[PDB]
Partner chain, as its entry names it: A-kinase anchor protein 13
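Here's a solo chain for you in structure tokens, the form solved without its partner chain.
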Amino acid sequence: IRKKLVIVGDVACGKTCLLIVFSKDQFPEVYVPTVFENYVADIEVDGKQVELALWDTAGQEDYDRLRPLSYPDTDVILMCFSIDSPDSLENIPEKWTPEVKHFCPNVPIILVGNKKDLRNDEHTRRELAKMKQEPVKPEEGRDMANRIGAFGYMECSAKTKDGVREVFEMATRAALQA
């Protein structure tokens, strides 16, 4: 069974690394902003065999016009944000929810907190202290997921691999049913 999925979220929130890890097992060395890209990977969930189309998108403003060209026949969407950056969570209902909600209504959305490893990182906590902030708490991410009627919230780390597999299984599970 074939299904298509699109990933979206702020700049450098880990969109790409996540998709590459899951389908190539390697963690990209050099960070290069994405214009657009396509990937494929297979997965078995609840006995079903599913081929997956992974459409990567850009989080940059400069590309707002072309990003909507990948939305056409989407089955499920992974709306991502970063745990070290509280603002990227704020921009969920601001920019991404409206954009997606327009182009792709009636399509399941999986809210995804990324860079789960940086929640404990000391360097991270110290830099955010200047800004009188702190990493995102699992609760607030779940609240945001409910607020926008997401199919489910999930967290993970593409660096350590913590929870990466569960993210896609939930996506596939949602792309089949509903």
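Positions refer to the first chain, counted from 1.
The following text describes the form deposited with its partner chain bound, which does not appear among the structures shown.
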Task: Contact of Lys4 with its partner chain in the deposited complex (heavy atom, 4.5 Å) - done: yes
Task: Close approach of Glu139 to its partner chain in the deposited complex, 4.5 Å, heavy atom - done: no
Open item on the list: With a cut-off of 4.5 Å between heavy atoms, is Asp121 one of the residues that contacts its partner chain in the deposited complex?
Closed with: no
Task: 4.5 Å heavy atom contact, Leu66 to its partner chain in the deposited complex - done: yes
- [ ] Counting only non-hydrogen atoms and a 4.5 Å cut-off, give the residues of 14-41 close to its partner chain in the deposited complex.
- [x] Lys24, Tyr31, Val32, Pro33, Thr34, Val35, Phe36, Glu37, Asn38, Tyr39, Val40
